[PDB]
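Colleague: One structure coming up, written as structure tokens, with questions to follow.
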Amino acid sequence: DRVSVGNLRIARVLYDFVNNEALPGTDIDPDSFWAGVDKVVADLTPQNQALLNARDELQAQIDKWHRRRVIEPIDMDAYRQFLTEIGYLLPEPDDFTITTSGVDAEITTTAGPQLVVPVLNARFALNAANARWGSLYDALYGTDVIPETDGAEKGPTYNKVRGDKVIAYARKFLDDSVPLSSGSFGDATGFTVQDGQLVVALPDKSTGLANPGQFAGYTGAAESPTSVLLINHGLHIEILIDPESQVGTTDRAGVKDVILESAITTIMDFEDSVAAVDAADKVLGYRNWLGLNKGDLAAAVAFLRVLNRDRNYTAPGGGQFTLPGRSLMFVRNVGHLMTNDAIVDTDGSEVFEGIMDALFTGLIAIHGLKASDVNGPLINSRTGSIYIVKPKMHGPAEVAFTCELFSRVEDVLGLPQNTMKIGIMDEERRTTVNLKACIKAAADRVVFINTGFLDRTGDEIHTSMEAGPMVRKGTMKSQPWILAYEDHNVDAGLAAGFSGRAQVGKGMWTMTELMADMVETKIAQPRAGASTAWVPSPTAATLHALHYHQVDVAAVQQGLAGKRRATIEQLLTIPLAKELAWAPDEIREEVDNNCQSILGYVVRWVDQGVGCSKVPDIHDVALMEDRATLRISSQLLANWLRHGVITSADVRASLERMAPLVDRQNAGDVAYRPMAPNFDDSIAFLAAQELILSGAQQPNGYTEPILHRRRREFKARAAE
Ligand SMILES: [Mg+2]
């Protein structure tokens, strides 16, 4: 336990991992590496600390600003000049264009779904990386896109009618995406390859594609292919053919399945979807990350799950070519705020988890750039670039600091400059109002921006905590600030020249069980100009790819350039309740909803160390809860409590009223301790109660300190 290197005390469980598993193959001298680590942690920590204090300073000045201006309607011009003078608002920089080179085509060119997965879960990570290709049949059958109404529902045995509905859906999709010259795919009787072009055998005629350029390849014999590979809007569509199969004999063409290129890119998350409070957890995360970059990562289930090898097809000509079988992987480090053990000072204080993440993740990602016996067969980046998305950055200063950190890390690892690219999240109000500046700060490392509306909502609440009673969270979608936020985001991205160089991304779909609703509504994002959008599951990625097959994102971006449909005054518009009063029924509805949402997530975060749970709301609708939604739910209550809408008695009564209901949900597990009826002695209950009753004092409303504290406290009160 504990190993002293330089002025650092490094936990043994980390030192062993880094020196025995990560370092070998990176051609980096362990002594030189650790020395560089000590030097970086020494040089950048004070500059790092100044930023976190600036957050508390700025927030304090604004908090006081609301106190001495009560009841009266807020004067927006005074607000603007105030944020201007205090530094919260920065001048709009001179127009420019990024020059981030050495980026893979999956980011610069290809537009499609993007996955986000907790890296601590091997299975979900493997499925995420393998979600590059996903069955449309399984996605249509398994989900509610095809209703179980009049016709046929689901059951233990395969359903014929539902299967035919799925097939019909897929056929219509094929007709709409890669259309035939005349007729429909629903009438196809077979597929052949004659003279370098695709020939579809209809009962009436025989035909090719309306534009044969959409024919990308095939497998097997030319006159009897096992699969036909097509392409639309950069996304590949694969039609599996096996007339004498499980689904082939039923189909009138022998089509077994329709595989779609789904998750183009995948985010390996070390933040809001995971629970890592100590050294061992970080070691697990880094372990799975290492397995991902090496390619030897596996997970058993009566068989074993591994990463997909690259796919190989026959070109229309006759030669064999190869498409990527895995998703291009980003990795999301933690924010600047939180610290961690693992390595500590000579004194005894924790070290910024962000720096650690930069160094370690950066080090590990080197394996995924090369293909050998030491580094592992599977190669992540073909262009030789490390893609790291940095979340929760407050402004151009912090962005620039992340750039400096990345530069230093690249110096340590011996990587050429700008090897480690950055995915600037847009989920901070200051970052939102200084977006162009944040982009300019990383105008040679930026690979994407992204609307993280959840943390942006939470930050929006906490920033104007003292301004007055906010509205119910379910109303936040109708507020001007968030729409202006999205539009300004896309506009800034396109103005920066992201079209063909970088990605403009949009937030997550949380209703995991409402896939029909997702198909219906999520098409708004690619129609809004979003080069990419976040999906909760591989299936959801498969279903979300449809939108990109229907919407020409590139053309939308071309038709969106120059337009400025977002004013700064709309961005600073606080989502106050104005002069609206809710009925006690609505009040207690919102309170109980929030409390259930809090409990259901914090109980699994604290006890079982799960950073992302499928928790239902109060209307019995399964949502996907992580730190962001928890943050919104906590800050909302911390607002209503701090403005006399509700009291501590109300929130306690609601928590005690919703605690047994949450127990009902998790009463099927094995390692689940019922937090009832002894509410006072449950660490999870205390965690929730503190998250609510002290959320107003949390730095930028962040939920990391409390969660980590209670998680450590749980691990301690169970070790014996
Ligand atoms: Mg976030």
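Chain A residue numbers are taken from Swiss-Prot; in order, the displayed residues are 3-303, 309-727.
Structure determined by X-ray crystallography, 2.8 Å.
Cβ from N, Cα, C; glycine included.
Swiss-Prot feature annotations, pasted as is:
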ACT_SITE  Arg339  active site, proton acceptor
ACT_SITE  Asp633  active site, proton donor
BINDING   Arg339, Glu434, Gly459, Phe460, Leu461, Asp462  glyoxylate binding site
BINDING   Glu434, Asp462  Mg(2+) binding site
MOD_RES   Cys619  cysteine sulfenic acid (-SOH)
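Please situate the listed features within the shown structure.
Modeller: According to DSSP, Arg339 (active site, proton acceptor) sits within a strand segment.
In this view, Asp633 (active site, proton donor) is surrounded by 23 other Cβ atoms within 10 Å of its Cβ, with every protein chain counted.
The Cβ of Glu434 (glyoxylate binding site) lies under 8 Å from the Cβ of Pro398, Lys399, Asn457, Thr458, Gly459, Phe460, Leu461, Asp462, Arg463, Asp466, each of these being in the same chain and 6 or more residues away along the sequence.
Just so you know, the Cβ of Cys619 (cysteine sulfenic acid (-SOH)) picks up 24 other Cβ atoms within 10 Å once every protein chain is counted.
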Colleague: Which of the binding-site residues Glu434, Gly459, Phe460, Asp462 have a Cβ less than 6 Å from any atom of ligand 1?
Modeller: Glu434, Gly459, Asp462
Colleague: Mind giving me a neighbour count for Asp462 (glyoxylate binding site)? Other Cβ atoms within 10 Å of its Cβ, every protein chain shown.
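Modeller: Other Cβ atoms within 10 Å of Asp462 (glyoxylate binding site): 27.
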Colleague: If I take the C-alpha of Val303 and the C-alpha of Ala309, which enclose 5 unmodelled residues, how far apart are they in Å?
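Modeller: Flanking Cα atoms: 6 Å.
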Colleague: With every protein chain in view, how many other Cβ atoms are within 10 Å of the Cβ of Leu461 (glyoxylate binding site)?
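Modeller: So the number of other Cβ atoms within 10 Å of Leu461 (glyoxylate binding site) is 21.
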Colleague: How big is the Cα-to-Cα gap, in Å, between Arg339 (active site, proton acceptor) and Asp633 (active site, proton donor)?
Modeller: 15
Colleague: By a simple count of other Cβ atoms within 10 Å, which of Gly459, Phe460, the binding-site residues in the record, is least packed?
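Modeller: Sparsest of the binding-site residues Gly459, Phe460 by Cβ contacts within 10 Å: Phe460.
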Colleague: In whole Å, how far does the CA atom of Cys619 (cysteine sulfenic acid (-SOH)) lie from that of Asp633 (active site, proton donor)?
Modeller: 5
Colleague: Around the C-beta of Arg339 (active site, proton acceptor), how many further C-beta atoms are within 10 angstroms, looking at every protein chain?
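Modeller: That number is 25.
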